[PDB]
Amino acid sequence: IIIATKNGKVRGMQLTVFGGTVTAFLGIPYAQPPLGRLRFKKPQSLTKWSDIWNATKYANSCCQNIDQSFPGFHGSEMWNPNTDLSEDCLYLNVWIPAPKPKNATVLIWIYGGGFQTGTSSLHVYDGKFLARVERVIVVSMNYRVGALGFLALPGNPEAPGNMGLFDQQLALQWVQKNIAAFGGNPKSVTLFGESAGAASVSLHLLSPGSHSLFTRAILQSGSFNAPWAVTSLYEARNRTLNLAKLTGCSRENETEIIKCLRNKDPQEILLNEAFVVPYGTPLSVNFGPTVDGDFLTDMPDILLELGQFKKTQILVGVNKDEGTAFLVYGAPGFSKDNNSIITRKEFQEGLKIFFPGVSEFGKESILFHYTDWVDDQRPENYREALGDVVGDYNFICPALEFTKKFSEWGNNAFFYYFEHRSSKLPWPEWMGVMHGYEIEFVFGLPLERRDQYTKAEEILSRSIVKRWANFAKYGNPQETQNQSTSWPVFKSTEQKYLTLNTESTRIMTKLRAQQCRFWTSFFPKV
């Protein structure tokens, strides 16, 4: 199979999925490799090739530091890159239904990873199931991360910031220019992503350069208004100068620092990325999105509040235990190999880890808001309270505030609460429905009967896959055939949302009302 793109011909592979066929094009280049003088620059356009490019294996992953907290443990290593790390990494993948569709809706995946890590070749991002079951086209791209993707001295085009975001944007442009040759519909394109990928998706709703490159958006466990998602412009320049100091690149003429950084090999950049922040947290984002005056014209909180974004439908949601994953990355008394019963004193030490520069009074009122027990005798009270603190503050409350503000401008919005713990989840039970472990259900991995998911998990995945595809195709995430409960629109007044679980599906209102009132209204003033 060979498809003529506008820059040259590409060859894919046939895959057998569920007694049928899916065609895969893995590793299509969409930009000139950002090497040499092109490091830290925005992505440049690709030049034509007259031969046939073989797109038959995942391409290199972008340079990044690997998680090594649990060597040999599948729970953490399933997120580590599974191809070689290289600066030559700006490639994308395309999954096509077989036979060739005539005008299929396109789903574009943007992976997360704190803007520091990530790759589209991960097993749980495999788009072949979605192409097979719902006959949509799935696209995913690799984008630069860390300093090589988000180092910023604003206004300076040698390192303007938001390069990884522009990588994503150029991939969206590739779909616009090429997807029809694959049988796809460039007028029906839905972005979806998780964590930092969901925050990227929400920034594409704000960026005018991206407004004509997609139709709808899905935000799983993330948004730009989350406290970890946007780097202040003070912080950006500090961490840039700190990295120059650590490497030996402190110049005075600010353009001369970047040329010094361009002569360091990528490994010396990666080794020093960690220490650009003096006192970080488990949720620290060393180099992330900034207000650059290009991709981002103003502070995103101002654009959201004043209705300056793409007007379209959105699907937003969170998991029940978003915070627990971060507790085994620094909190005292927590571990993946015990049950992590902590004391009140260990709870107070956890808050200092996650809220280092906050007043003594601020941590006291976090403790006060989250220690009104039902059962005063339960030993896991403080353990579960600290996870809820981290999850509410960093993910759930920002996502709800995002949806409320977005829908106030007349757009249909739908919110979900994912509360099923995967039967193949390798982390212990006390960590619950963790950050990132709805992804395998969205991509339809439990549909593979040869994988030891339960029968109920196959059913829930089949339902989620249909809702997601119906949202992309028709702007309405209903499962209309098997007498499901209807997913109601999220409005600022009643704030209805749908729960996703094996046992039951229910409509509820005002998720975490009391806790998010504290985080969104009171806490910013301490």
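For every residue, the number given is its place in the sequence shown, counted from 1. In this text, rigid core is short for the largest set of C-alphas that superpose within 1.5 Å between two forms.
J.: Report the stretch with the higher root mean square CA deviation, pooled over structures and residues in 9 other deposited structures of this protein, choosing between 350 to 358 and 382 to 390 after a rigid core fit.
T.: Higher root mean square deviation of C-alphas in 9 other deposited structures of this protein is shown by 350 to 358.
J.: 125 to 133 versus 279 to 287: which one's CA atoms end up farther from this form in 9 other deposited structures of this protein after a core fit?
T.: After the core superposition, the stretch with higher RMS deviation in 9 other deposited structures of this protein is 279 to 287.
J.: What about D337, left without coordinates in a third or more of the other entries of this protein that model its neighbours?
T.: Per the records, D337 is modelled in all the other entries.
J.: Does a third or more of the other compared entries skip modelling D375?
T.: Looking at the other entries that model residues on either side of it, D375 is missing from at least a third.
J.: If you average the CA temperature factors as listed in the entry, which stretch comes out higher, 45 to 53 or 491 to 499?
T.: Result: 45 to 53.
J.: Taking only the CA atoms, which stretch has the higher mean B-factor in the record, 456 to 464 or 479 to 487?
T.: According to the entry, 479 to 487 carries the higher average C-alpha B-factor.
J.: Among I258, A171, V390, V136, which carries the highest Cα B-factor?
T.: Result of the comparison over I258, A171, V390, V136: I258.
J.: Which has the highest CA B-factor per the PDB entry: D298, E440, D337, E401?
T.: In this record, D337 carries the highest C-alpha B-factor of the candidates.
J.: Taking the values exactly as deposited, rank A226 by C-alpha B-factor within its chain and report the matching third: lowest, middle or highest.
T.: Lowest third, going by the recorded CA B-factors of the chain.
J.: Check where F355 lands among this chain's C-alpha B-factors and tell me if it's the lowest, middle or highest third.
T.: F355: CA B-factor falls in the middle third of its chain.
J.: According to the PDB entry, is the CA B factor of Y416 in the bottom, middle or top third of its chain, that is, lowest, middle or highest?
T.: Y416: CA B-factor falls in the lowest third of its chain.
J.: When the modelled residues of the chain are sorted by Cα temperature factor, does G184 land in the lowest, middle or highest third?
T.: Tercile = middle for this residue's CA B-factor.
J.: Going by the recorded CA B-factors, say which third of the chain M434 sits in, lowest, middle or highest.
T.: Tercile = lowest for this residue's CA B-factor.
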